[PDB]
$ cat query07.cif   # mmCIF, C-alpha atoms and all ligand atoms; chains and numbers go by the auth columns
data_model
loop_
_atom_site.group_PDB
_atom_site.id
_atom_site.type_symbol
_atom_site.label_atom_id
_atom_site.label_comp_id
_atom_site.label_asym_id
_atom_site.label_seq_id
_atom_site.Cartn_x
_atom_site.Cartn_y
_atom_site.Cartn_z
_atom_site.B_iso_or_equiv
_atom_site.auth_seq_id
_atom_site.auth_asym_id
ATOM 1 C CA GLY A 1 0.000 0.000 0.000 0.00 1 C
ATOM 2 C CA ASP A 2 1.115 3.533 0.826 0.00 2 C
ATOM 3 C CA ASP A 3 4.894 3.961 0.855 0.00 3 C
ATOM 4 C CA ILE A 4 4.576 5.071 4.478 0.00 4 C
ATOM 5 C CA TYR A 5 3.582 1.508 5.357 0.00 5 C
ATOM 6 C CA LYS A 6 6.280 -0.312 3.387 0.00 6 C
ATOM 7 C CA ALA A 7 8.880 2.137 4.693 0.00 7 C
ATOM 8 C CA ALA A 8 7.955 1.189 8.257 0.00 8 C
ATOM 9 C CA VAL A 9 7.504 -2.533 7.614 0.00 9 C
ATOM 10 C CA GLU A 10 10.969 -2.769 6.064 0.00 10 C
ATOM 11 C CA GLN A 11 12.400 -0.519 8.777 0.00 11 C
ATOM 12 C CA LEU A 12 11.365 -3.117 11.357 0.00 12 C
ATOM 13 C CA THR A 13 14.222 -5.217 12.732 0.00 13 C
ATOM 14 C CA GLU A 14 14.556 -8.984 13.136 0.00 14 C
ATOM 15 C CA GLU A 15 13.013 -8.693 16.601 0.00 15 C
ATOM 16 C CA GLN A 16 10.154 -6.390 15.602 0.00 16 C
ATOM 17 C CA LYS A 17 9.380 -8.418 12.480 0.00 17 C
ATOM 18 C CA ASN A 18 9.477 -11.593 14.572 0.00 18 C
ATOM 19 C CA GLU A 19 6.869 -10.263 17.001 0.00 19 C
ATOM 20 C CA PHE A 20 4.443 -9.998 14.083 0.00 20 C
ATOM 21 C CA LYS A 21 5.760 -13.048 12.231 0.00 21 C
ATOM 22 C CA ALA A 22 4.571 -15.295 15.060 0.00 22 C
ATOM 23 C CA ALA A 23 0.999 -14.030 14.739 0.00 23 C
ATOM 24 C CA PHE A 24 1.075 -14.880 11.032 0.00 24 C
ATOM 25 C CA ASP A 25 2.262 -18.413 11.789 0.00 25 C
ATOM 26 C CA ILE A 26 -0.705 -19.222 14.027 0.00 26 C
ATOM 27 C CA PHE A 27 -2.968 -17.415 11.561 0.00 27 C
ATOM 28 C CA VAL A 28 -1.909 -19.497 8.559 0.00 28 C
ATOM 29 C CA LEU A 29 -1.299 -22.592 10.681 0.00 29 C
ATOM 30 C CA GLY A 30 -1.921 -25.530 8.365 0.00 30 C
ATOM 31 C CA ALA A 31 -3.430 -23.306 5.683 0.00 31 C
ATOM 32 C CA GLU A 32 -4.007 -24.371 2.078 0.00 32 C
ATOM 33 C CA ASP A 33 -1.272 -22.077 0.761 0.00 33 C
ATOM 34 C CA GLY A 34 0.229 -20.762 3.985 0.00 34 C
ATOM 35 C CA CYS A 35 -1.809 -17.601 3.465 0.00 35 C
ATOM 36 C CA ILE A 36 -4.484 -15.724 5.409 0.00 36 C
ATOM 37 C CA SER A 37 -7.890 -16.264 3.804 0.00 37 C
ATOM 38 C CA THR A 38 -11.373 -15.135 4.833 0.00 38 C
ATOM 39 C CA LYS A 39 -11.815 -18.518 6.514 0.00 39 C
ATOM 40 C CA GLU A 40 -8.895 -18.192 8.930 0.00 40 C
ATOM 41 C CA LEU A 41 -9.320 -14.415 9.103 0.00 41 C
ATOM 42 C CA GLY A 42 -12.832 -14.378 10.533 0.00 42 C
ATOM 43 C CA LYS A 43 -12.259 -17.680 12.318 0.00 43 C
ATOM 44 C CA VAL A 44 -9.528 -15.905 14.282 0.00 44 C
ATOM 45 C CA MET A 45 -11.330 -12.590 14.756 0.00 45 C
ATOM 46 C CA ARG A 46 -14.500 -14.254 16.039 0.00 46 C
ATOM 47 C CA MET A 47 -12.327 -15.779 18.763 0.00 47 C
ATOM 48 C CA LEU A 48 -11.933 -12.312 20.278 0.00 48 C
ATOM 49 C CA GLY A 49 -15.708 -11.952 20.257 0.00 49 C
ATOM 50 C CA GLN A 50 -16.608 -10.686 16.794 0.00 50 C
ATOM 51 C CA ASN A 51 -19.210 -11.809 14.257 0.00 51 C
ATOM 52 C CA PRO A 52 -18.012 -10.784 10.769 0.00 52 C
ATOM 53 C CA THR A 53 -19.316 -12.053 7.430 0.00 53 C
ATOM 54 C CA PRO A 54 -17.981 -13.922 4.368 0.00 54 C
ATOM 55 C CA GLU A 55 -18.831 -10.917 2.195 0.00 55 C
ATOM 56 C CA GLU A 56 -17.330 -8.292 4.503 0.00 56 C
ATOM 57 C CA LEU A 57 -14.232 -10.254 5.518 0.00 57 C
ATOM 58 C CA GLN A 58 -13.267 -10.269 1.838 0.00 58 C
ATOM 59 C CA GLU A 59 -13.142 -6.469 1.907 0.00 59 C
ATOM 60 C CA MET A 60 -10.529 -6.539 4.671 0.00 60 C
ATOM 61 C CA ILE A 61 -8.057 -8.838 2.922 0.00 61 C
ATOM 62 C CA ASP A 62 -8.812 -7.195 -0.423 0.00 62 C
ATOM 63 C CA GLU A 63 -7.841 -3.822 1.044 0.00 63 C
ATOM 64 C CA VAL A 64 -4.645 -5.318 2.468 0.00 64 C
ATOM 65 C CA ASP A 65 -3.914 -7.507 -0.555 0.00 65 C
ATOM 66 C CA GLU A 66 -0.899 -7.210 -2.856 0.00 66 C
ATOM 67 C CA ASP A 67 -1.585 -9.574 -5.755 0.00 67 C
ATOM 68 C CA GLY A 68 -5.327 -9.511 -5.154 0.00 68 C
ATOM 69 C CA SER A 69 -5.744 -13.282 -4.944 0.00 69 C
ATOM 70 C CA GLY A 70 -8.030 -12.948 -1.926 0.00 70 C
ATOM 71 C CA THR A 71 -5.497 -13.595 0.828 0.00 71 C
ATOM 72 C CA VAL A 72 -2.767 -11.972 2.920 0.00 72 C
ATOM 73 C CA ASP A 73 0.797 -13.174 3.483 0.00 73 C
ATOM 74 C CA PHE A 74 3.402 -12.302 6.115 0.00 74 C
ATOM 75 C CA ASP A 75 4.965 -9.362 4.275 0.00 75 C
ATOM 76 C CA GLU A 76 1.427 -8.103 3.671 0.00 76 C
ATOM 77 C CA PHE A 77 0.276 -8.712 7.245 0.00 77 C
ATOM 78 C CA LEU A 78 2.990 -6.406 8.582 0.00 78 C
ATOM 79 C CA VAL A 79 1.651 -3.646 6.333 0.00 79 C
ATOM 80 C CA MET A 80 -1.736 -4.073 8.007 0.00 80 C
ATOM 81 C CA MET A 81 -0.188 -3.222 11.376 0.00 81 C
ATOM 82 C CA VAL A 82 1.858 -0.181 10.353 0.00 82 C
ATOM 83 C CA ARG A 83 -1.294 1.246 8.776 0.00 83 C
ATOM 84 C CA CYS A 84 -3.533 0.017 11.596 0.00 84 C
ATOM 85 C CA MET A 85 -1.780 2.267 14.111 0.00 85 C
ATOM 86 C CA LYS A 86 -2.601 5.188 11.815 0.00 86 C
ATOM 87 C CA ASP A 87 -6.128 3.975 11.067 0.00 87 C
ATOM 88 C CA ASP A 88 -6.076 5.129 7.443 0.00 88 C
ATOM 89 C CA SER A 89 -6.635 1.857 5.584 0.00 89 C
ATOM 90 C CA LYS A 90 -10.188 1.271 6.806 0.00 90 C
ATOM 91 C CA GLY A 91 -12.572 2.486 9.492 0.00 91 C
ATOM 92 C CA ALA A 92 -14.826 0.980 12.149 0.00 92 C
ATOM 93 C CA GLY A 93 -18.570 0.712 11.618 0.00 93 C
ATOM 94 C CA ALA A 94 -19.212 -2.995 11.115 0.00 94 C
ATOM 95 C CA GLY A 95 -19.863 -3.562 14.806 0.00 95 C
ATOM 96 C CA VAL A 96 -16.224 -3.296 15.855 0.00 96 C
ATOM 97 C CA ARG A 97 -13.082 -2.776 13.778 0.00 97 C
ATOM 98 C CA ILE A 98 -9.878 -4.735 14.384 0.00 98 C
ATOM 99 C CA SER A 99 -6.577 -3.498 15.811 0.00 99 C
ATOM 100 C CA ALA A 100 -3.134 -4.955 15.114 0.00 100 C
ATOM 101 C CA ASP A 101 -2.752 -5.491 18.860 0.00 101 C
ATOM 102 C CA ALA A 102 -6.199 -7.087 19.059 0.00 102 C
ATOM 103 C CA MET A 103 -6.008 -9.457 16.091 0.00 103 C
ATOM 104 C CA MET A 104 -2.598 -10.525 17.398 0.00 104 C
ATOM 105 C CA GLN A 105 -3.861 -10.730 20.979 0.00 105 C
ATOM 106 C CA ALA A 106 -5.368 -14.070 19.963 0.00 106 C
ATOM 107 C CA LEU A 107 -2.477 -15.219 17.774 0.00 107 C
ATOM 108 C CA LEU A 108 0.484 -14.342 19.996 0.00 108 C
ATOM 109 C CA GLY A 109 -1.534 -14.965 23.144 0.00 109 C
ATOM 110 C CA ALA A 110 -3.830 -13.326 25.685 0.00 110 C
ATOM 111 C CA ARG A 111 -1.121 -12.379 28.182 0.00 111 C
ATOM 112 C CA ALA A 112 1.346 -9.656 27.197 0.00 112 C
ATOM 113 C CA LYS A 113 4.092 -7.504 28.714 0.00 113 C
ATOM 114 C CA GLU A 114 4.496 -4.891 25.979 0.00 114 C
ATOM 115 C CA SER A 115 0.822 -3.995 25.569 0.00 115 C
ATOM 116 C CA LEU A 116 0.506 -3.996 29.360 0.00 116 C
ATOM 117 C CA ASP A 117 3.002 -1.162 29.813 0.00 117 C
ATOM 118 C CA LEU A 118 2.172 2.299 28.471 0.00 118 C
ATOM 119 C CA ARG A 119 5.684 3.053 27.222 0.00 119 C
ATOM 120 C CA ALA A 120 5.902 -0.304 25.444 0.00 120 C
ATOM 121 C CA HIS A 121 2.494 0.168 23.820 0.00 121 C
ATOM 122 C CA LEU A 122 3.343 2.266 20.762 0.00 122 C
ATOM 123 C CA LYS A 123 6.314 4.274 19.494 0.00 123 C
ATOM 124 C CA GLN A 124 6.476 7.426 17.370 0.00 124 C
ATOM 125 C CA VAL A 125 6.727 7.394 13.574 0.00 125 C
ATOM 126 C CA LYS A 126 9.187 9.113 11.238 0.00 126 C
ATOM 127 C CA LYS A 127 7.851 8.935 7.681 0.00 127 C
ATOM 128 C CA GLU A 128 9.062 12.160 6.068 0.00 128 C
ATOM 129 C CA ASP A 129 7.732 12.118 2.504 0.00 129 C
HETATM 130 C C1 LIG B . -6.355 -10.560 6.737 0.00 201 C
HETATM 131 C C2 LIG B . -6.709 -9.449 8.006 0.00 201 C
HETATM 132 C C3 LIG B . -7.002 -8.121 7.693 0.00 201 C
HETATM 133 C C4 LIG B . -7.307 -7.201 8.710 0.00 201 C
HETATM 134 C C5 LIG B . -7.273 -7.634 10.044 0.00 201 C
HETATM 135 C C6 LIG B . -6.993 -8.969 10.350 0.00 201 C
HETATM 136 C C7 LIG B . -6.709 -9.878 9.331 0.00 201 C
HETATM 137 F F1 LIG B . -6.436 -11.152 9.643 0.00 201 C
HETATM 138 O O1 LIG B . -7.546 -6.827 11.118 0.00 201 C
HETATM 139 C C8 LIG B . -7.594 -5.421 10.829 0.00 201 C
HETATM 140 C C9 LIG B . -8.396 -5.126 9.564 0.00 201 C
HETATM 141 N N1 LIG B . -8.530 -3.657 9.361 0.00 201 C
HETATM 142 S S1 LIG B . -9.811 -2.847 10.102 0.00 201 C
HETATM 143 O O2 LIG B . -9.750 -1.458 9.686 0.00 201 C
HETATM 144 O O3 LIG B . -9.825 -3.189 11.512 0.00 201 C
HETATM 145 C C10 LIG B . -11.382 -3.393 9.509 0.00 201 C
HETATM 146 C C11 LIG B . -12.548 -3.796 10.130 0.00 201 C
HETATM 147 C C12 LIG B . -13.511 -4.131 9.133 0.00 201 C
HETATM 148 C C13 LIG B . -14.897 -4.581 9.287 0.00 201 C
HETATM 149 O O4 LIG B . -15.726 -4.406 8.390 0.00 201 C
HETATM 150 N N2 LIG B . -15.234 -5.218 10.453 0.00 201 C
HETATM 151 C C14 LIG B . -14.871 -5.101 11.852 0.00 201 C
HETATM 152 C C15 LIG B . -15.483 -6.510 12.051 0.00 201 C
HETATM 153 C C16 LIG B . -14.449 -7.635 12.114 0.00 201 C
HETATM 154 C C17 LIG B . -16.431 -6.599 13.147 0.00 201 C
HETATM 155 N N3 LIG B . -17.187 -6.668 14.026 0.00 201 C
HETATM 156 C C18 LIG B . -16.135 -6.342 10.658 0.00 201 C
HETATM 157 C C19 LIG B . -12.887 -3.891 7.912 0.00 201 C
HETATM 158 C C20 LIG B . -13.383 -4.041 6.514 0.00 201 C
HETATM 159 N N4 LIG B . -11.609 -3.450 8.159 0.00 201 C
HETATM 160 C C21 LIG B . -7.663 -5.777 8.376 0.00 201 C
HETATM 161 O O5 LIG B . -6.466 -5.049 8.071 0.00 201 C
HETATM 162 CA CA CA B . -3.470 -12.638 -1.918 0.00 202 C
#

$ encode --input "query07.cif" --output "structure tokens"
Amino acid sequence: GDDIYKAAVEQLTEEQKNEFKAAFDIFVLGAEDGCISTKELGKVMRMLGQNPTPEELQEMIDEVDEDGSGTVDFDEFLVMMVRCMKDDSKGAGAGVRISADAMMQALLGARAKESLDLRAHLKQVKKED
């Protein structure tokens, strides 16, 4: 998507990228093509307590899709986070949007030390374009 996203995604280090990589693993755990489809997408979101749809879920991935095959990979997933923090990609309205920290809350795990702390919740951004 927007260069601002890619710039940040690539800027991420091995540690930062790993934090998100894990979430992707559990997301596409035993997938058909190791990708995130509407099936796994909603199946994971609902876990948090959501009730999306097969027609709406497609809009999410489609918006965060690169090739437009109807799925999201790791490299693409990261872009969803960088943009999520900004909240520019999409907007709530369908009952309850999804946050990078939320969607991952189920993947990585309920407990968390980073999210818990306020300082380790979110850092500034330097995307001078
Ligand atoms: C493949 C993937 C992609 C996305 C994921 C996780 C993923 F697994 O979470 C974040 C999402 N962006 S979003 O702006 O939150 C966002 C919410 C919505 C929406 O219509 N609903 C909120 C809802 C789930 C409820 N109740 C229904 C849309 C279209 N975009 C999107 O980037
Ligand atoms: Ca795809």

$ residues_around --input "query07.cif" --residues "residue 11 (chain C)" --least-positions-apart "4" --cutoff "12 Å" --atoms "all atoms listed in the file" --output "PyMOL selection string"
chain C and resi 3-7+15-17+78-79+82+125-127

$ resolve_selection --input "query07.cif" --expression "the PyMOL selection byres (((chain C and resi 84-88) around 9) and not hetatm)" --output "number ranges by chain"
C: 79-83, 89-91, 98-100, 122

$ residues_near_ligand --input "query07.cif" --ligand "ligand LIG 201 (chain C)" --cutoff "8 Å" --atoms "all atoms listed in the file" --output "JSON, numbers by chain"
{"C": [27, 36, 37, 38, 40, 41, 42, 44, 45, 46, 50, 51, 52, 53, 56, 57, 58, 59, 60, 61, 63, 64, 71, 72, 77, 80, 81, 84, 87, 88, 89, 90, 91, 92, 93, 94, 95, 96, 97, 98, 99, 100, 103]}

$ residues_near_ligand --input "query07.cif" --ligand "ligand CA 202 (chain C)" --cutoff "6 Å" --atoms "all atoms listed in the file" --output "VMD selection string"
chain C and resid 65 67 to 72

$ closest_residue --input "query07.cif" --among "C:101, C:25, C:129, C:19" --to "residue 116 (chain C)" --atoms "only C-alpha atoms"
C:101

$ atom_distance --input "query07.cif" --atom1 "CA of residue 47 (chain C)" --atom2 "CA of residue 8 (chain C)"
28.5 Å

$ atom_distance --input "query07.cif" --atom1 "CA of residue 35 (chain C)" --atom2 "CA of residue 106 (chain C)"
17.2 Å

$ closest_residue --input "query07.cif" --among "C:39, C:107, C:117, C:1" --to "residue 54 (chain C)" --atoms "only C-alpha atoms"
C:39

$ residues_near_point --input "query07.cif" --point "(-0.2, -13.9, 19.5)" --cutoff "9 Å" --atoms "only C-alpha atoms" --output "PDB file with C-alpha atoms, keeping the file's coordinate frame"
ATOM      1  CA  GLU C  19       6.869 -10.263  17.001  1.00  0.00           C
ATOM      2  CA  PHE C  20       4.443  -9.998  14.083  1.00  0.00           C
ATOM      3  CA  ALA C  22       4.571 -15.295  15.060  1.00  0.00           C
ATOM      4  CA  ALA C  23       0.999 -14.030  14.739  1.00  0.00           C
ATOM      5  CA  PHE C  24       1.075 -14.880  11.032  1.00  0.00           C
ATOM      6  CA  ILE C  26      -0.705 -19.222  14.027  1.00  0.00           C
ATOM      7  CA  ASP C 101      -2.752  -5.491  18.860  1.00  0.00           C
ATOM      8  CA  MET C 103      -6.008  -9.457  16.091  1.00  0.00           C
ATOM      9  CA  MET C 104      -2.598 -10.525  17.398  1.00  0.00           C
ATOM     10  CA  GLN C 105      -3.861 -10.730  20.979  1.00  0.00           C
ATOM     11  CA  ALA C 106      -5.368 -14.070  19.963  1.00  0.00           C
ATOM     12  CA  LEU C 107      -2.477 -15.219  17.774  1.00  0.00           C
ATOM     13  CA  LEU C 108       0.484 -14.342  19.996  1.00  0.00           C
ATOM     14  CA  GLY C 109      -1.534 -14.965  23.144  1.00  0.00           C
ATOM     15  CA  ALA C 110      -3.830 -13.326  25.685  1.00  0.00           C
ATOM     16  CA  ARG C 111      -1.121 -12.379  28.182  1.00  0.00           C
ATOM     17  CA  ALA C 112       1.346  -9.656  27.197  1.00  0.00           C
TER      18      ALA C 112
END

$ atom_distance --input "query07.cif" --atom1 "CA of residue 31 (chain C)" --atom2 "CA of residue 13 (chain C)"
26.2 Å

$ closest_residue --input "query07.cif" --among "C:114, C:28, C:75, C:128" --to "residue 12 (chain C)" --atoms "only C-alpha atoms"
C:75

$ closest_residue --input "query07.cif" --among "C:113, C:120, C:21, C:48" --to "residue 74 (chain C)" --atoms "all atoms listed in the file"
C:21

$ axis_aligned_box --input "query07.cif" --around "region 40-46 of chain C" --padding-each-side "6 Å" --output "lines of an AutoDock Vina configuration file"
center_x = -11.7
center_y = -15.4
center_z = 12.5
size_x = 17.6
size_y = 17.6
size_z = 19.1

$ build_atoms --input "query07.cif" --residues "region 60-91 of chain C" --atoms "N, CA and C atoms" --output "PDB file, keeping the file's coordinate frame"
ATOM      1  N   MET C  60     -11.716  -6.747   3.849  1.00  0.00           N
ATOM      2  CA  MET C  60     -10.529  -6.539   4.671  1.00  0.00           C
ATOM      3  C   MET C  60      -9.272  -6.991   3.936  1.00  0.00           C
ATOM      4  N   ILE C  61      -9.205  -8.282   3.626  1.00  0.00           N
ATOM      5  CA  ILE C  61      -8.057  -8.838   2.922  1.00  0.00           C
ATOM      6  C   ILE C  61      -7.821  -8.120   1.598  1.00  0.00           C
ATOM      7  N   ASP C  62      -8.900  -7.879   0.862  1.00  0.00           N
ATOM      8  CA  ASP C  62      -8.812  -7.195  -0.423  1.00  0.00           C
ATOM      9  C   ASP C  62      -8.108  -5.849  -0.276  1.00  0.00           C
ATOM     10  N   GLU C  63      -8.440  -5.127   0.789  1.00  0.00           N
ATOM     11  CA  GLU C  63      -7.841  -3.822   1.044  1.00  0.00           C
ATOM     12  C   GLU C  63      -6.365  -3.962   1.402  1.00  0.00           C
ATOM     13  N   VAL C  64      -6.024  -5.063   2.066  1.00  0.00           N
ATOM     14  CA  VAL C  64      -4.645  -5.318   2.468  1.00  0.00           C
ATOM     15  C   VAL C  64      -4.022  -6.422   1.621  1.00  0.00           C
ATOM     16  N   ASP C  65      -4.433  -6.497   0.360  1.00  0.00           N
ATOM     17  CA  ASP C  65      -3.914  -7.507  -0.555  1.00  0.00           C
ATOM     18  C   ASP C  65      -2.918  -6.893  -1.535  1.00  0.00           C
ATOM     19  N   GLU C  66      -1.919  -7.678  -1.924  1.00  0.00           N
ATOM     20  CA  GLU C  66      -0.899  -7.210  -2.856  1.00  0.00           C
ATOM     21  C   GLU C  66      -1.203  -7.680  -4.275  1.00  0.00           C
ATOM     22  N   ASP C  67      -1.298  -8.994  -4.449  1.00  0.00           N
ATOM     23  CA  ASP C  67      -1.585  -9.574  -5.755  1.00  0.00           C
ATOM     24  C   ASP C  67      -3.081  -9.541  -6.048  1.00  0.00           C
ATOM     25  N   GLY C  68      -3.886  -9.539  -4.990  1.00  0.00           N
ATOM     26  CA  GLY C  68      -5.327  -9.511  -5.154  1.00  0.00           C
ATOM     27  C   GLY C  68      -5.913 -10.891  -5.380  1.00  0.00           C
ATOM     28  N   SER C  69      -5.281 -11.898  -4.802  1.00  0.00           N
ATOM     29  CA  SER C  69      -5.744 -13.282  -4.944  1.00  0.00           C
ATOM     30  C   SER C  69      -6.825 -13.609  -3.916  1.00  0.00           C
ATOM     31  N   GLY C  70      -7.023 -12.721  -2.946  1.00  0.00           N
ATOM     32  CA  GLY C  70      -8.030 -12.948  -1.926  1.00  0.00           C
ATOM     33  C   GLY C  70      -7.438 -13.484  -0.636  1.00  0.00           C
ATOM     34  N   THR C  71      -6.179 -13.142  -0.378  1.00  0.00           N
ATOM     35  CA  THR C  71      -5.497 -13.595   0.828  1.00  0.00           C
ATOM     36  C   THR C  71      -4.385 -12.631   1.224  1.00  0.00           C
ATOM     37  N   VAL C  72      -3.841 -12.824   2.422  1.00  0.00           N
ATOM     38  CA  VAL C  72      -2.767 -11.972   2.920  1.00  0.00           C
ATOM     39  C   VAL C  72      -1.609 -12.805   3.457  1.00  0.00           C
ATOM     40  N   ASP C  73      -0.396 -12.458   3.043  1.00  0.00           N
ATOM     41  CA  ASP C  73       0.797 -13.174   3.483  1.00  0.00           C
ATOM     42  C   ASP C  73       1.466 -12.447   4.646  1.00  0.00           C
ATOM     43  N   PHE C  74       2.657 -12.906   5.016  1.00  0.00           N
ATOM     44  CA  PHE C  74       3.402 -12.302   6.115  1.00  0.00           C
ATOM     45  C   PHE C  74       3.785 -10.862   5.785  1.00  0.00           C
ATOM     46  N   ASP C  75       4.531 -10.688   4.700  1.00  0.00           N
ATOM     47  CA  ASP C  75       4.965  -9.362   4.275  1.00  0.00           C
ATOM     48  C   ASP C  75       3.783  -8.401   4.203  1.00  0.00           C
ATOM     49  N   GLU C  76       2.631  -8.917   3.786  1.00  0.00           N
ATOM     50  CA  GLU C  76       1.427  -8.103   3.671  1.00  0.00           C
ATOM     51  C   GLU C  76       0.824  -7.827   5.044  1.00  0.00           C
ATOM     52  N   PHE C  77       0.824  -8.844   5.900  1.00  0.00           N
ATOM     53  CA  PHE C  77       0.276  -8.712   7.245  1.00  0.00           C
ATOM     54  C   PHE C  77       0.923  -7.545   7.984  1.00  0.00           C
ATOM     55  N   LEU C  78       2.247  -7.472   7.919  1.00  0.00           N
ATOM     56  CA  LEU C  78       2.990  -6.406   8.582  1.00  0.00           C
ATOM     57  C   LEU C  78       2.474  -5.036   8.154  1.00  0.00           C
ATOM     58  N   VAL C  79       2.158  -4.903   6.869  1.00  0.00           N
ATOM     59  CA  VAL C  79       1.651  -3.646   6.333  1.00  0.00           C
ATOM     60  C   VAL C  79       0.315  -3.277   6.968  1.00  0.00           C
ATOM     61  N   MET C  80      -0.438  -4.291   7.382  1.00  0.00           N
ATOM     62  CA  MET C  80      -1.736  -4.073   8.007  1.00  0.00           C
ATOM     63  C   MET C  80      -1.575  -3.449   9.389  1.00  0.00           C
ATOM     64  N   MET C  81      -0.462  -3.755  10.046  1.00  0.00           N
ATOM     65  CA  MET C  81      -0.188  -3.222  11.376  1.00  0.00           C
ATOM     66  C   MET C  81       0.271  -1.769  11.295  1.00  0.00           C
ATOM     67  N   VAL C  82       1.321  -1.527  10.517  1.00  0.00           N
ATOM     68  CA  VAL C  82       1.858  -0.181  10.353  1.00  0.00           C
ATOM     69  C   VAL C  82       0.753   0.814  10.020  1.00  0.00           C
ATOM     70  N   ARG C  83      -0.183   0.391   9.177  1.00  0.00           N
ATOM     71  CA  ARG C  83      -1.294   1.246   8.776  1.00  0.00           C
ATOM     72  C   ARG C  83      -2.386   1.255   9.842  1.00  0.00           C
ATOM     73  N   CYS C  84      -2.525   0.138  10.548  1.00  0.00           N
ATOM     74  CA  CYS C  84      -3.533   0.017  11.596  1.00  0.00           C
ATOM     75  C   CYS C  84      -3.341   1.091  12.661  1.00  0.00           C
ATOM     76  N   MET C  85      -2.097   1.272  13.093  1.00  0.00           N
ATOM     77  CA  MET C  85      -1.780   2.267  14.111  1.00  0.00           C
ATOM     78  C   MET C  85      -2.231   3.657  13.672  1.00  0.00           C
ATOM     79  N   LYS C  86      -2.195   3.900  12.366  1.00  0.00           N
ATOM     80  CA  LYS C  86      -2.601   5.188  11.815  1.00  0.00           C
ATOM     81  C   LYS C  86      -4.109   5.230  11.585  1.00  0.00           C
ATOM     82  N   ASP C  87      -4.692   4.070  11.306  1.00  0.00           N
ATOM     83  CA  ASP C  87      -6.128   3.975  11.067  1.00  0.00           C
ATOM     84  C   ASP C  87      -6.520   4.734   9.803  1.00  0.00           C
ATOM     85  N   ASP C  88      -5.804   4.472   8.716  1.00  0.00           N
ATOM     86  CA  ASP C  88      -6.076   5.129   7.443  1.00  0.00           C
ATOM     87  C   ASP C  88      -6.644   4.140   6.430  1.00  0.00           C
ATOM     88  N   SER C  89      -6.177   2.898   6.499  1.00  0.00           N
ATOM     89  CA  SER C  89      -6.635   1.857   5.584  1.00  0.00           C
ATOM     90  C   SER C  89      -8.158   1.784   5.565  1.00  0.00           C
ATOM     91  N   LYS C  90      -8.740   1.384   6.691  1.00  0.00           N
ATOM     92  CA  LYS C  90     -10.188   1.271   6.806  1.00  0.00           C
ATOM     93  C   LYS C  90     -10.691   1.974   8.063  1.00  0.00           C
ATOM     94  N   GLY C  91     -11.991   1.858   8.321  1.00  0.00           N
ATOM     95  CA  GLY C  91     -12.572   2.486   9.492  1.00  0.00           C
ATOM     96  C   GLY C  91     -13.672   1.648  10.115  1.00  0.00           C
TER      97      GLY C  91
END
